[PDB]
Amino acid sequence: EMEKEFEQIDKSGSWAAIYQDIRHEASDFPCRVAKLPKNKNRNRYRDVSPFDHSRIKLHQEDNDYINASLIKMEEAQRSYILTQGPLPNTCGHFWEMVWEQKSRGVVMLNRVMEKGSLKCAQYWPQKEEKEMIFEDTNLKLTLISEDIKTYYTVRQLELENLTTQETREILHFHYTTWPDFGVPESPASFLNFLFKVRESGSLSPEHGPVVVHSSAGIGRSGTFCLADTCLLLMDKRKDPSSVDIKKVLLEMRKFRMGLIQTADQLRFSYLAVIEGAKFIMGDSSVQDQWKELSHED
């Protein structure tokens, strides 16, 4: 049992060590296009870029670069598009990609201003009377509703392709209490937030990939996707004892760098998967218990 390895690891204080090892055994594919002089301003951090083999391309003959890389999971059968927090100049590309990839859900695991620093652009309207019009990519985004909770908030945006005058409802999940280089207040708060997103049909195969992100799109985003993916496997296999987190993390770092950035984030990913397993393993009554513990009211 993973719960074995976990109590074993914690006991010996091996989280930082193991983490050094995951870092050490981690893939490294080139990021040529990111580093192109021209794309310099299409990137928030000079040290976080998309492997060109997994990068997502804007369907424009102009410049198809967007710091974002499609993670495609085969066994779990799930794809996610982790991307960094759009910059002032790139919120058009962010919605262009969302439209092209056919997503139906966005997951923001960060705050626009954290510990007094700008981490991500206010890429979506906050008031229904003020829509946004992305000139460069010809899109209109508008707030339709907003369901504010304790530590998170869902929104229903309406993305309209000013070109085909086609419209789509983008649900938006926003975690607002996951600190930069931090962990969720609790496995409960996290899994509660996770399941909400699940139920909304956003993670549904019938749509494009969910666009997940934080300020850089590797730390809190890797932690969200890892827990979701492991649980996914545990379900299908129905044999939980076979899911190796380190292996699944490593499999994901093939598609995009730095997934998960702190030993404690790794450790947390174990708690989330273990806790949540309980719900996969019939204990349906656990789902509601999480909502209670999350204090999402």
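Numbering starts at 1 and follows the sequence shown.
Looking at mean Cα B-factors across 107 to 115 and 143 to 151, the upper value is held by 143 to 151. For the pair 64 to 72 and 230 to 238, the mean Cα B-factor is higher in 230 to 238. Across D180, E128, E160, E185, the greatest Cα temperature factor reported in the deposited entry is at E185.
In this PDB entry, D244 carries a Cα temperature factor that places it within the highest third of its chain's modelled residues. Annotation for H172: CA B-factor lies in the lowest third of the chain's modelled residues. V197 sits in the middle third of its chain by CA B factor, as recorded in the PDB entry. In the PDB entry, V212 places in the lowest third of its chain by CA B-factor. In the deposited entry, the Cα temperature factor of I218 sits in the bottom third of values across the chain's modelled residues.
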